[PDB]
2 protein chains.
Amino acid sequence: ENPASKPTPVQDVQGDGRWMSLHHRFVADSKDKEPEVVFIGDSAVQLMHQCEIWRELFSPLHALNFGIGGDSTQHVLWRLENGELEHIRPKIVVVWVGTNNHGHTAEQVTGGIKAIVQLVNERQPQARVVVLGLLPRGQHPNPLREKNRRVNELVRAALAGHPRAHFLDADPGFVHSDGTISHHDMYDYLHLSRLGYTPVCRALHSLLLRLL
Amino acid sequence: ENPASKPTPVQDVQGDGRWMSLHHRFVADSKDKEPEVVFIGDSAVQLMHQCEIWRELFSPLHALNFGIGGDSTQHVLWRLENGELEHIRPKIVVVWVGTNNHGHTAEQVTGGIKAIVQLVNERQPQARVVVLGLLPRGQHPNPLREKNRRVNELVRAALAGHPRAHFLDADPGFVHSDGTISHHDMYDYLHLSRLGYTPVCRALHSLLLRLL
């Protein structure tokens, strides 16, 4: 088994059950609504709903946001297999996950992302799949920057022959020529500020309108 | 040793160094500025700077925000001992930490909070200390709700005889009579939405103006 593509829930080792409460809410969302676009991934998806304005650009497109902070590829795969794609028929699914797969090689994370695209192609075969590149992270150059770069290379080459699967690099140049990322774009050098989200969401919204 | 009151940095087991980059930024903030109020704690402090509007209520008071997501009591104690209280002379320090001390009993977390108040009383003896209550968490009743309740009881009784230390319960009633917390207040049943922050910050700002 690639650990990144073996589907599993987040075990609760803390005791308030919040991960499973979020999954159950998204399951009810899919039971009760009819989205055209479904978003799923880690905190970069989740906070876009709060902290970009979702409402200007993505609410009009009839969209559900299924981001959960901390998720790896295998947790996203499990959620899509266990209720969050039921009862719906989206035109587009947007995937953004992989930066949190700590302890997995870049090759394993790529296998995780490919298994998500295949499941979506099996369960919701009418839908186009958009996969976003993993963003740079850390204030200065570091090995997770190189990891995430290698994932994006391998995922881009995997999807290149895929008629209805689209890779998007949404990075405007967060890493500057002195190697730094500024806390104005990413307040803890990982999560995007309001300002950091604007150009990311701009690039995504343009692709979405083009596909739609 | 109480683990919660033995000062230690967050070890980097991921590889991009972001925790130490945040600590070093706050150290430079204190070197270069002259705050009247310093805020320190976990993600509830950190996101108030993004996601409430800090700018309307707290920026006017000449305030620095030293929140870091994920911190326990012992990590806050270490940061205050290792540079973030140097070169400054605040009137008020606001402390908000303890919900992330998983694996520590409520009594141990209380000892952690008391060791933070004592250090601030030693290094910055002119300053009043405000400690906020730990908020409820989880969609439904659970053992971390009871834990956090017991911490607040023990901390309130510890500070009651403390002429310049102030306990504040900032909770407006997030837990409803059916036991639930709504995702409109806390989007993942732990972190506060924009809407959830308004009444919290309102209560804090009022106390601050009173003390100031």
# chains A, B, ... in the order shown; residues from 1 in each chain; ligands from 1
>>> residues_around(residues="residue 152 (chain B)", least_positions_apart="3", cutoff="9 Å", atoms="only C-alpha atoms", output="PyMOL selection string")
chain B and resi 106+110+132-134+147-149+155-157+167+169
>>> write_last_selection(atoms="N, CA and C atoms", output="PDB file, in the first residue's frame")
ATOM      1  N   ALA B 106      -6.705  18.867  33.800  1.00  0.00           N
ATOM      2  CA  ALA B 106      -7.133  20.235  34.004  1.00  0.00           C
ATOM      3  C   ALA B 106      -6.306  20.960  35.076  1.00  0.00           C
ATOM      4  N   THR B 110      -4.028  24.321  34.546  1.00  0.00           N
ATOM      5  CA  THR B 110      -4.106  25.438  35.507  1.00  0.00           C
ATOM      6  C   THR B 110      -2.731  25.822  36.020  1.00  0.00           C
ATOM      7  N   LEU B 132      -8.045  35.008  29.706  1.00  0.00           N
ATOM      8  CA  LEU B 132      -9.373  34.626  29.226  1.00  0.00           C
ATOM      9  C   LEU B 132      -9.669  33.153  29.495  1.00  0.00           C
ATOM     10  N   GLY B 133     -10.952  32.910  29.779  1.00  0.00           N
ATOM     11  CA  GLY B 133     -11.458  31.563  29.935  1.00  0.00           C
ATOM     12  C   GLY B 133     -11.295  30.726  28.656  1.00  0.00           C
ATOM     13  N   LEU B 134     -11.088  29.433  28.840  1.00  0.00           N
ATOM     14  CA  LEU B 134     -11.069  28.504  27.707  1.00  0.00           C
ATOM     15  C   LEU B 134     -12.478  28.295  27.159  1.00  0.00           C
ATOM     16  N   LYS B 147     -13.347  19.246  30.773  1.00  0.00           N
ATOM     17  CA  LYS B 147     -11.973  19.670  31.035  1.00  0.00           C
ATOM     18  C   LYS B 147     -11.825  21.180  31.048  1.00  0.00           C
ATOM     19  N   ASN B 148     -12.240  21.863  29.972  1.00  0.00           N
ATOM     20  CA  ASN B 148     -12.042  23.296  29.849  1.00  0.00           C
ATOM     21  C   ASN B 148     -12.838  24.080  30.893  1.00  0.00           C
ATOM     22  N   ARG B 149     -14.065  23.667  31.184  1.00  0.00           N
ATOM     23  CA  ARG B 149     -14.807  24.145  32.337  1.00  0.00           C
ATOM     24  C   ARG B 149     -14.073  24.029  33.666  1.00  0.00           C
ATOM     25  N   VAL B 155      -8.642  28.243  37.496  1.00  0.00           N
ATOM     26  CA  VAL B 155      -7.953  29.511  37.223  1.00  0.00           C
ATOM     27  C   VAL B 155      -8.671  30.700  37.843  1.00  0.00           C
ATOM     28  N   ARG B 156      -9.999  30.767  37.754  1.00  0.00           N
ATOM     29  CA  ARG B 156     -10.757  31.846  38.407  1.00  0.00           C
ATOM     30  C   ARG B 156     -10.478  31.911  39.905  1.00  0.00           C
ATOM     31  N   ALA B 157     -10.462  30.764  40.585  1.00  0.00           N
ATOM     32  CA  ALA B 157     -10.226  30.715  42.020  1.00  0.00           C
ATOM     33  C   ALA B 157      -8.767  31.021  42.356  1.00  0.00           C
ATOM     34  N   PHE B 167      -9.313  37.550  35.686  1.00  0.00           N
ATOM     35  CA  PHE B 167      -9.978  36.541  34.867  1.00  0.00           C
ATOM     36  C   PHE B 167     -11.188  37.083  34.111  1.00  0.00           C
ATOM     37  N   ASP B 169     -14.303  35.619  31.677  1.00  0.00           N
ATOM     38  CA  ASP B 169     -15.138  34.745  30.859  1.00  0.00           C
ATOM     39  C   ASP B 169     -15.705  35.495  29.670  1.00  0.00           C
TER      40      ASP B 169
END
>>> interface_residues(of="chain B", to="chain A", cutoff="9 Å", atoms="only C-alpha atoms", output="PyMOL selection string")
chain B and resi 13-19+21-22+50-51+68-69+102-103+137-145+187-190+193-194
>>> atom_distance(atom1="CA of residue 55 (chain B)", atom2="CA of residue 34 (chain B)")
17.2 Å
>>> calpha_fit_and_write(fixed="chain B", moving="chain A", output="CSV table (one decimal) with C-alpha atoms, in the first residue's frame")
chain,number,residue,atom,x,y,z
A,1,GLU,CA,7.7,18.7,36.8
A,2,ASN,CA,4.3,19.7,35.6
A,3,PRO,CA,4.8,19.3,31.8
A,4,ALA,CA,2.5,22.3,31.3
A,5,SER,CA,4.8,24.7,33.2
A,6,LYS,CA,8.2,23.4,32.0
A,7,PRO,CA,9.2,25.9,29.4
A,8,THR,CA,10.1,24.4,26.0
A,9,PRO,CA,10.1,25.5,22.3
A,10,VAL,CA,8.0,23.6,19.7
A,11,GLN,CA,10.4,21.1,18.1
A,12,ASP,CA,10.3,21.1,14.3
A,13,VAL,CA,9.3,17.7,13.1
A,14,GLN,CA,8.1,18.9,9.7
A,15,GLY,CA,11.1,20.8,8.3
A,16,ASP,CA,10.1,24.4,7.2
A,17,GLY,CA,10.9,26.1,10.6
A,18,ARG,CA,7.7,28.2,10.8
A,19,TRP,CA,7.3,28.2,14.6
A,20,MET,CA,10.8,29.6,15.2
A,21,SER,CA,10.3,32.1,12.3
A,22,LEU,CA,7.2,33.5,14.1
A,23,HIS,CA,9.0,33.7,17.5
A,24,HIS,CA,11.9,35.6,15.9
A,25,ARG,CA,9.5,38.0,14.2
A,26,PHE,CA,7.8,38.8,17.6
A,27,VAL,CA,11.2,39.2,19.2
A,28,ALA,CA,12.0,41.9,16.5
A,29,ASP,CA,8.6,43.5,17.1
A,30,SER,CA,9.4,43.9,20.8
A,31,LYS,CA,12.9,45.2,20.0
A,32,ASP,CA,11.5,47.9,17.6
A,33,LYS,CA,8.1,48.9,19.1
A,34,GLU,CA,6.6,50.2,22.3
A,35,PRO,CA,3.2,48.5,22.9
A,36,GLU,CA,0.8,49.4,25.6
A,37,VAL,CA,-0.9,46.0,25.4
A,38,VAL,CA,0.7,42.6,24.4
A,39,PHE,CA,-1.5,39.6,23.4
A,40,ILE,CA,-0.1,36.1,23.6
A,41,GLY,CA,-1.6,32.6,23.2
A,42,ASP,CA,-2.7,30.0,20.6
A,43,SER,CA,-4.8,30.3,17.5
A,44,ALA,CA,-7.6,32.1,19.3
A,45,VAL,CA,-5.2,35.1,19.7
A,46,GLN,CA,-3.6,34.6,16.3
A,47,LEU,CA,-6.7,34.6,14.2
A,48,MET,CA,-8.2,37.6,16.0
A,49,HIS,CA,-5.6,39.6,14.2
A,50,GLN,CA,-6.8,38.3,10.8
A,51,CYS,CA,-10.4,37.5,11.3
A,52,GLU,CA,-12.0,39.6,13.9
A,53,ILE,CA,-11.1,43.2,13.1
A,54,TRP,CA,-8.3,43.9,15.4
A,55,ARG,CA,-8.0,47.3,13.6
A,56,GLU,CA,-11.2,48.8,14.9
A,57,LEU,CA,-10.9,47.9,18.6
A,58,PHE,CA,-7.3,46.9,19.4
A,59,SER,CA,-5.0,48.8,17.0
A,60,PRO,CA,-5.9,52.1,18.6
A,61,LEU,CA,-4.8,50.7,22.0
A,62,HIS,CA,-1.2,50.3,20.7
A,63,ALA,CA,-1.2,46.5,20.7
A,64,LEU,CA,1.0,43.6,19.5
A,65,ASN,CA,-0.4,40.2,18.7
A,66,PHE,CA,1.9,37.2,19.5
A,67,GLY,CA,-0.6,34.3,18.9
A,68,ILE,CA,0.7,31.1,17.4
A,69,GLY,CA,-1.7,28.3,16.2
A,70,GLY,CA,-1.2,25.0,18.2
A,71,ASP,CA,0.7,26.4,21.2
A,72,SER,CA,0.2,24.9,24.7
A,73,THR,CA,0.9,26.7,28.0
A,74,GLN,CA,4.6,25.6,28.2
A,75,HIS,CA,5.3,27.0,24.7
A,76,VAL,CA,3.9,30.4,25.6
A,77,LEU,CA,5.9,30.4,28.8
A,78,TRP,CA,9.1,29.6,26.8
A,79,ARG,CA,8.4,32.4,24.3
A,80,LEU,CA,7.9,35.0,27.1
A,81,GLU,CA,11.2,33.9,28.7
A,82,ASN,CA,13.2,33.9,25.4
A,83,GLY,CA,12.9,37.4,23.9
A,84,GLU,CA,9.2,38.4,23.5
A,85,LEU,CA,9.1,40.5,26.7
A,86,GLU,CA,12.5,42.2,26.1
A,87,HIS,CA,12.8,46.0,25.4
A,88,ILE,CA,9.2,46.9,26.2
A,89,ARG,CA,7.0,48.2,29.0
A,90,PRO,CA,3.4,47.3,28.4
A,91,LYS,CA,0.6,48.3,30.8
A,92,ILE,CA,-1.5,45.2,30.1
A,93,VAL,CA,-0.6,41.6,29.0
A,94,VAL,CA,-3.5,39.4,27.7
A,95,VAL,CA,-3.1,35.7,28.0
A,96,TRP,CA,-5.3,33.1,26.1
A,97,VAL,CA,-4.0,29.5,26.1
A,98,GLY,CA,-4.7,26.0,27.3
A,99,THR,CA,-7.2,24.3,25.0
A,100,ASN,CA,-4.4,22.6,23.1
A,101,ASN,CA,-2.7,21.0,26.2
A,102,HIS,CA,-3.9,17.4,25.2
A,103,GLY,CA,-2.7,14.7,27.6
A,104,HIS,CA,-2.4,17.2,30.5
A,105,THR,CA,-5.1,17.1,33.3
A,106,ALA,CA,-7.1,20.2,34.0
A,107,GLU,CA,-5.1,20.7,37.2
A,108,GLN,CA,-1.8,20.6,35.1
A,109,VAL,CA,-3.1,23.2,32.6
A,110,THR,CA,-4.1,25.4,35.5
A,111,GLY,CA,-0.5,25.2,36.8
A,112,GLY,CA,0.7,26.1,33.4
A,113,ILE,CA,-1.5,29.3,33.3
A,114,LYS,CA,-0.4,30.2,36.8
A,115,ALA,CA,3.3,29.9,35.8
A,116,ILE,CA,2.7,32.3,32.9
A,117,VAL,CA,1.1,34.9,35.2
A,118,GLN,CA,4.0,34.6,37.7
A,119,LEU,CA,6.7,35.1,34.9
A,120,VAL,CA,4.8,38.1,33.6
A,121,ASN,CA,4.7,39.4,37.2
A,122,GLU,CA,8.5,38.9,37.5
A,123,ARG,CA,9.6,40.3,34.2
A,124,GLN,CA,7.0,43.1,33.7
A,125,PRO,CA,5.8,43.8,37.2
A,126,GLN,CA,4.1,47.1,36.3
A,127,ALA,CA,1.7,45.3,33.9
A,128,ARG,CA,-1.9,44.1,34.7
A,129,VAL,CA,-2.5,40.5,33.5
A,130,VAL,CA,-5.7,39.5,31.8
A,131,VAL,CA,-6.5,35.7,31.4
A,132,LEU,CA,-9.4,34.6,29.2
A,133,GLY,CA,-11.5,31.6,29.9
A,134,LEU,CA,-11.1,28.5,27.7
A,135,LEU,CA,-14.0,28.3,25.3
A,136,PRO,CA,-16.3,25.3,24.7
A,137,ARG,CA,-15.5,23.1,21.8
A,138,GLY,CA,-17.0,20.2,19.8
A,139,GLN,CA,-20.4,20.1,18.1
A,140,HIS,CA,-21.9,18.1,21.0
A,141,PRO,CA,-21.2,17.5,24.7
A,142,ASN,CA,-17.8,15.8,25.2
A,143,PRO,CA,-15.0,15.4,27.8
A,144,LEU,CA,-13.0,18.4,26.5
A,145,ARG,CA,-15.9,20.7,27.3
A,146,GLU,CA,-15.8,19.4,30.9
A,147,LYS,CA,-12.0,19.7,31.0
A,148,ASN,CA,-12.0,23.3,29.8
A,149,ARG,CA,-14.8,24.1,32.3
A,150,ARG,CA,-12.7,22.7,35.2
A,151,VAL,CA,-9.6,24.7,34.1
A,152,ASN,CA,-11.7,27.9,34.1
A,153,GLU,CA,-13.0,27.1,37.6
A,154,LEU,CA,-9.5,26.5,39.0
A,155,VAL,CA,-8.0,29.5,37.2
A,156,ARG,CA,-10.8,31.8,38.4
A,157,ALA,CA,-10.2,30.7,42.0
A,158,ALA,CA,-6.4,31.0,41.7
A,159,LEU,CA,-6.6,34.6,40.4
A,160,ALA,CA,-9.5,35.8,42.7
A,161,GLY,CA,-7.0,37.1,45.2
A,162,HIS,CA,-4.7,38.8,42.7
A,163,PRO,CA,-4.9,42.6,42.8
A,164,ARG,CA,-3.6,43.2,39.3
A,165,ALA,CA,-4.6,39.8,37.6
A,166,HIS,CA,-8.0,39.6,36.0
A,167,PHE,CA,-10.0,36.5,34.9
A,168,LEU,CA,-12.5,37.2,32.0
A,169,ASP,CA,-15.1,34.7,30.9
A,170,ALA,CA,-15.7,36.0,27.3
A,171,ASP,CA,-18.2,33.3,26.3
A,172,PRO,CA,-21.6,34.8,25.3
A,173,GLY,CA,-23.3,31.4,25.4
A,174,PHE,CA,-21.9,29.4,22.4
A,175,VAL,CA,-23.4,26.1,23.8
A,176,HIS,CA,-27.2,26.1,23.2
A,177,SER,CA,-29.9,24.4,25.3
A,178,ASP,CA,-29.8,21.3,23.0
A,179,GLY,CA,-26.1,21.0,23.7
A,180,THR,CA,-24.9,22.1,20.3
A,181,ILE,CA,-22.4,24.6,19.1
A,182,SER,CA,-23.3,26.2,15.7
A,183,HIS,CA,-20.9,26.3,12.8
A,184,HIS,CA,-22.0,29.9,12.3
A,185,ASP,CA,-20.0,30.8,15.5
A,186,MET,CA,-17.2,28.2,15.2
A,187,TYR,CA,-16.7,27.0,11.6
A,188,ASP,CA,-14.9,23.8,12.7
A,189,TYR,CA,-16.5,23.8,16.3
A,190,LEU,CA,-13.2,25.1,17.7
A,191,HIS,CA,-11.9,28.1,15.8
A,192,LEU,CA,-14.2,31.2,15.8
A,193,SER,CA,-15.7,32.7,12.7
A,194,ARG,CA,-15.9,36.4,12.1
A,195,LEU,CA,-19.4,36.4,13.7
A,196,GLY,CA,-18.1,34.4,16.7
A,197,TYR,CA,-15.3,36.9,17.4
A,198,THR,CA,-17.5,40.0,17.6
A,199,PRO,CA,-18.9,39.4,21.1
A,200,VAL,CA,-15.7,37.9,22.4
A,201,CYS,CA,-13.7,41.0,21.4
A,202,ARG,CA,-16.4,43.3,22.5
A,203,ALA,CA,-16.2,41.9,26.0
A,204,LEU,CA,-12.4,42.0,26.0
A,205,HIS,CA,-12.2,45.6,24.7
A,206,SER,CA,-14.6,46.8,27.4
A,207,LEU,CA,-12.4,45.3,30.2
A,208,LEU,CA,-9.3,46.7,28.6
A,209,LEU,CA,-10.7,50.3,28.4
A,210,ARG,CA,-11.8,50.0,32.1
A,211,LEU,CA,-8.3,48.9,33.2
A,212,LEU,CA,-6.5,51.5,30.9
>>> select_by_dssp(residues="region 105-202 of chain A", states="strand (DSSP E or B)", output="VMD selection string")
chain A and resid 128 to 132 165 to 168 186 192
